[PDB]
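S.K.: This one's experimental. Sequence and coordinates below.
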Amino acid sequence: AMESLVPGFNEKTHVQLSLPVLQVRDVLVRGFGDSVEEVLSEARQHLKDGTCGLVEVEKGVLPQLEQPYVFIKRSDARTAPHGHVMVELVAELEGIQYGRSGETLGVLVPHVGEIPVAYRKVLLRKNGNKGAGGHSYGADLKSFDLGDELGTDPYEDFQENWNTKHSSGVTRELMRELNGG
């Protein structure tokens, strides 16, 4: 069950994405922001509008991308429709893995314009997901652990509802760089 396509997946919990695959060579603006909070927010918002490209070309792309970057990681190494891949968002600074949850398809890199080399259909979690710190803590990794996508911080009553996300007045002061200070 579900490993071979979830029979009737909820589009209200999982959103169907059709993303253009970029090569790092062509990627304009090779990062979302300076802080993990920003990049996860930029990930979700640009995925819907199609203003985000997906890098799933090679591995040499990634060391040439700007941190924090957001990879598209399967929630399970299983759980995939025929053509669609069920995934979720994870942002990472050093590229250190601490809960890949499966395979990484692509990197989310903003699309200003550029020739796609491939296209990918992935299903992104609208809610119930993310691991920008470490599910297994990366085995005493001690990372920043910032699953707080700027406004949609799911530890303060917020239920991770980025639908109609107006995080304008969430900018206290130090909302720049993973190293706020």
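M.R.: That came through, no problem. Numbers count the residues shown, from 1 in each chain.

S.K.: can you count the residues close to the residue nearest to residue 139 when sequence neighbours are not counted?
M.R.: Distances taken as CB to CB, 6 or more residues apart in numbering put residue 98 closest to residue 139, at 7.9 Å, once the chain neighbours are dropped. Every C-beta, even on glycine, is put in place using the N, C-alpha and C of the backbone. Neighbour count of residue 98, defined by other CB atoms under 10 Å: 18.

S.K.: On the three-state scheme, residue 98 is what?
M.R.: coil (DSSP: H, G, I helix; E, B strand; the rest coil).

S.K.: wait, doesn't it sit right on residue 136?
M.R.: Yes: counting by CB atoms under 8 Å, residue 136 is a contact partner of residue 98 at 6.3 Å.

S.K.: Can you classify the residue nearest the centre of the chain as helix, strand or coil?
M.R.: The residue lying closest to the centre of the chain (CA atoms, centre = their mean) is residue 89, at 2.9 Å. Here residue 89 is strand, with the state taken from three-state DSSP.

S.K.: try residue 105
M.R.: Once three-state DSSP is applied, residue 105 turns out strand.

S.K.: State the distance from it to residue 167.
M.R.: 27 Å (CB to CB, to the nearest Å).

S.K.: try residue 27
M.R.: Taking CB to CB, one finds residue 27 at 25 Å from residue 167.

S.K.: do residue 124 as well
M.R.: 18 Å.

S.K.: okay, these two: which has more neighbours?
M.R.: residue 124 (22 against 16).

S.K.: And the contacts of the helix or strand containing residue 72?
M.R.: Residue 72 belongs to strand 69-74 when assigned by DSSP states H and E. Strand 69-74 is contacted by residues 30-32, 39-40, 42-43, 54, 56, 62, 80, 85-92, 100-109, 122, 124, 131 when judged by CB atoms under 8 Å, 6 or more residues apart in numbering.

S.K.: mind checking how far the residue nearest to residue 139 is from residue 17?
M.R.: 24 Å.

S.K.: Identify the bridge partners of the residue lying closest to residue 56 once chain neighbours are set aside.
M.R.: Excluding its sequence neighbours, the residue lying closest to residue 56 (CB to CB, 6+ apart) is residue 106, at 3.5 Å. Beta-bridge partners for residue 106, by DSSP bridges, are residue 72.

S.K.: which residues does residue 106 contact?
M.R.: 19, 21, 54-56, 71-72, 120, 122.

S.K.: switch to 10 Å and redo it
M.R.: 19, 21-22, 52-57, 61-62, 70-73, 85, 87, 118, 120, 122 (CB atoms under 10 Å, 6 or more residues apart in numbering).
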